[PDB]
2 protein chains.
Amino acid sequence: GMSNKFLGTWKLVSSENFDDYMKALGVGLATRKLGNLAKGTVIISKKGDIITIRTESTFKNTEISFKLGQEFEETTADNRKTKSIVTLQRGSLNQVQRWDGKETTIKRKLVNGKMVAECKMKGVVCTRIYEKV
Amino acid sequence: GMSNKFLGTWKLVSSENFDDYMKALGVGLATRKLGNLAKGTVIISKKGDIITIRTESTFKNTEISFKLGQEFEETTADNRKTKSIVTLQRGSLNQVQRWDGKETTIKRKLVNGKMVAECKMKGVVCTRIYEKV
Ligand SMILES: CCCCCCCCCCCCCCCC(=O)O
Ligand SMILES: CCCCCCCCCCCCCCCC(=O)O
């Protein structure tokens, strides 16, 4: 299952191409400006077979709870209403979000103790690195 | 989770566009001829959180065991070696198979007591209906 190494609290330490990724999602300028400035915190916990990923920032907080491979409704930070599925590939935690015929993916994997989130939307790619606290 | 209504033994009663689907997978003629003639039987069982789908025919038998949303290695009836994931969407059991940069999906759902499998490969679509025994 999901490695317990994911469990814990994660602090953003780097972000690459987040602006263009947001633009591709349809996020407006003023919103992107605050989205880029946000030094977020991601918290991953588990109770039974149910995994929770909570994102905390000044601007917006989010939280999703899910079982692996079981679709669920999500309200994203920019307030898209998606049908989302989280799966496990080579230890990589892969979230896909579908809405209005569109699709984006957020892949989270552990690299040398850091969590590396890679976001993909229409060939636009961003990378965000977190370190555990 | 996966509805217990899937559990049981299923007999093929109809198949539509299976030939073109096989062609799209790269299946050769003589193999397709036996693949089309095959009156298969699908058996779905569960032990804990692990689901097993066994396909039985004279020509070829197959069997896969998996957890929802967790990638696993599969050897298909035509002997492709794929990385596969099974997920749950609106009660639909969705298998995706990836190999050599390619992708195909087999979606299984229950309709009025029948199991309806829809296979997709490069816009080629097939439908196979099963009734429970
Ligand atoms: C601090 C959160 C973003 C606030 C601004 C809204 C931007 C909309 C896009 C939301 C999806 C962001 C996904 C980031 C993935 C991650 O690093 O966990
Ligand atoms: C009786 C099985 C097929 C035998 C011939 C090999 C054809 C290769 C394609 C294998 C995938 C078939 C998927 C069918 C889905 C189903 O109805 O469960």
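Convention: sequence-line order gives letters A, B, ...; per-chain numbering from 1. Computed from heavy atoms alone, side chains included, the values below leave out hydrogens, waters and symmetry copies.
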How many angstroms lie between CE in B:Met121 and CD1 in B:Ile106, if you round to the nearest 0.5 Å?
-> 11.0 Å
Sequence neighbours left out, cut at 3.5 Å: what donor-acceptor pairs do the side chains of residues 20-35 of chain B make with other protein atoms?
residue: B:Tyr21; atom: OH; partner: B:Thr104; partner atom: OG1; Å: 2.9
residue: B:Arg32; atom: NE; partner: B:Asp19; partner atom: OD1; Å: 3.0
residue: B:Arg32; atom: NH1; partner: B:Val27; partner atom: O; Å: 2.8

Would you call B:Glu118 and B:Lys120 a salt bridge, using N to O less than 4.0 angstrom?
-> no
Run the side chain to side chain contact (heavy atoms under 4.5 Å, CB included) check on A:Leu12 and A:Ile129 step by step: do they pass?
-> CA-CA 6 Å; A:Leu12 182 80; A:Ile129 301 166; over 6 Å; no
What is the minimum heavy-atom distance between B:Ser57 and B:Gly40, and which atoms define it?
-> CB-CA, 4.4 Å
Please round to the nearest 0.5 Å and tell me the distance separating atom CD1 of B:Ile50 and atom OG of B:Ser65.
-> 7.0 Å
Do you reckon A:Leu88 sits in the same ILVMFWY cluster as B:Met2, going by side-chain contacts under 4.5 Å, direct or chained?
-> no
Following the transitive rule for hydrophobic clusters with a side-chain heavy-atom cut-off under 4.5 Å over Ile, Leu, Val, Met, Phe, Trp and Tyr, establish whether A:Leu7 and A:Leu93 coincide in one cluster.
-> yes
Linking I/L/V/M/F/W/Y whenever any side-chain heavy atoms sit under 4.5 Å apart, do B:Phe66 and B:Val96 land together?
-> no
Heavy-atom closest contact (A:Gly69 atom, A:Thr87 atom, distance) | CA-CG2, 4.3 Å
Would you indicate whether the side-chain heavy atoms of A:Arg108 and A:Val116 approach each other to under 4.5 Å?
-> no
Distance col, row B:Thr127:OG1 vs B:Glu16:CD, nearest 0.5 angstrom, shows 4.5 Å
Say whether A:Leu68 and A:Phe72 are linked into one hydrophobic cluster, either directly or through other cluster members, by side-chain heavy-atom distances under 4.5 angstrom.
-> yes
Closest approach of A:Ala77 to A:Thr62 (non-hydrogen atoms, all atoms of both residues) = CA-CG2, 3.6 Å
Rounded to the nearest 0.5 angstrom, the OH-OG1 distance for A:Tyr130 and A:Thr9 is 12.5 Å
What pairs meet the salt bridge (charged side-chain N to carboxylate O under 4.0 Å, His left out) rule with one or both residues in residues 67-78 of chain A, with sequence neighbours excluded?
-> A:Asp49-A:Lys67, A:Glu71-B:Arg90, A:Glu73-A:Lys83, A:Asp78-A:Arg80
Tell me whether B:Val42 is reachable from B:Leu110 by hopping between hydrophobic residues (I, L, V, M, F, W, Y) whose side-chain heavy atoms are closer than 4.5 Å.
-> yes
Atom OG1 in B:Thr105, atom CD in B:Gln95: separation rounded to 0.5 Å?
-> 9.5 Å
A:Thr82 and A:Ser84: which non-hydrogen atoms are nearest, and at how many Å?
-> OG1-OG, 2.7 Å
Search all heavy atoms of A:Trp10 against all heavy atoms of A:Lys5 and return the closest pair with its distance.
-> CZ2-O, 3.5 Å
Are A:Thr41 and A:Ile43 close enough, and set up right, to give a side chain to side chain contact (heavy atoms under 4.5 Å, CB included), and what steps lead you there?
-> CA-CA 7 Å; A:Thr41 292; A:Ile43 306 92; 3.7 Å; yes
For the residue pair B:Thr75 and B:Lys81, confirm or rule out a side-chain donor-acceptor distance under 3.5 Å.
-> yes
Does the B:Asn61 side chain pair with the main chain of B:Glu56, one donor and one acceptor, at a distance under 3.5 Å?
-> no
Go through the steps for B:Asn94 and B:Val86 under the test side chain to side chain contact (heavy atoms under 4.5 Å, CB included), then give the verdict.
-> CA-CA 5 Å; B:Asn94 303 148; B:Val86 178; over 6 Å; no
Would you check if A:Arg54 and A:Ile64 make a side-chain contact, meaning some heavy-atom pair closer than 4.5 Å?
-> no
Of all residues at least two apart in sequence or in a different chain, which pass the ring-ring contact (aromatic ring centres under 6.0 Å, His included) check with A:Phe59?
-> none
Inter-residue atom distance B:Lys46.NZ - B:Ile51.CD1, 0.5 Å rounding | 5.0 Å
When you look at A:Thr52 and A:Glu63, which way does the side chain to side chain contact (heavy atoms under 4.5 Å, CB included) test go after all the steps?
-> CA-CA 7 Å; A:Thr52 304; A:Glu63 180 181 314; 3.6 Å; yes
Minimum-distance pair of heavy atoms, taken over all atoms of A:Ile85 and A:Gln70 | CG2-N, 4.0 Å
Can a donor-acceptor pair be found between the side chains of A:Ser15 and A:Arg128 at a distance below 3.5 Å?
-> yes
